[PDB]
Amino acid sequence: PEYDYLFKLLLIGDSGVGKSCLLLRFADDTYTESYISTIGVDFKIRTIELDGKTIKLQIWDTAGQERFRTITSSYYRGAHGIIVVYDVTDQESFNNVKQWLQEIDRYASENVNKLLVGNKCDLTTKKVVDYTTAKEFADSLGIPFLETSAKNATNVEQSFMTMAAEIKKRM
């Protein structure tokens, strides 16, 4: 369990968008439809390999529900990267990405890396948030962007690798 880099990541975004499922897909290679709202935070560790380097990732999965966001400033301490997740089948969750980003500005390090993830892309006929409108937004702020499916595993590994790559190059 040696490593060349050690990055603290947060997942944030509306309740029900799939933060925990992204976490569980990436860290445990599992998926379940049974749901319990995240009460405070969950925490998983996983190592990847990028450009021949071993990167240990500490991944914190936060509550989407405002009533459980009492100590958020504390979760941001030492965070290298933040992944903002919305549900591609839910317009409100995408509309709220602006406010989530303003939470990053408020609590995170000035140079923190950011990544936009649109989850549940397997729901092809339920998608209401267009890829181009999402990506235009991401691009307007220099934020990398991907659509994922925790359920089918699509782009999940790539997302964390893209985040780890952003952070690695600013070191």
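Each residue number is its position in the shown sequence, starting from 1.
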query: Mean Cα B-factor comparison, 92-100 or 79-87, giving the higher one as deposited; finding: 92-100
query: Stretch with the greater mean C-alpha B-factor as recorded in the entry, comparing 51-59 against 66-74; finding: 66-74
query: Highest-ranked of 113, 119, 132, 125 once sorted by CA temperature factor in the record; finding: 132
query: Residue 2 - which third its CA temperature factor falls in, relative to the rest of the chain; finding: highest
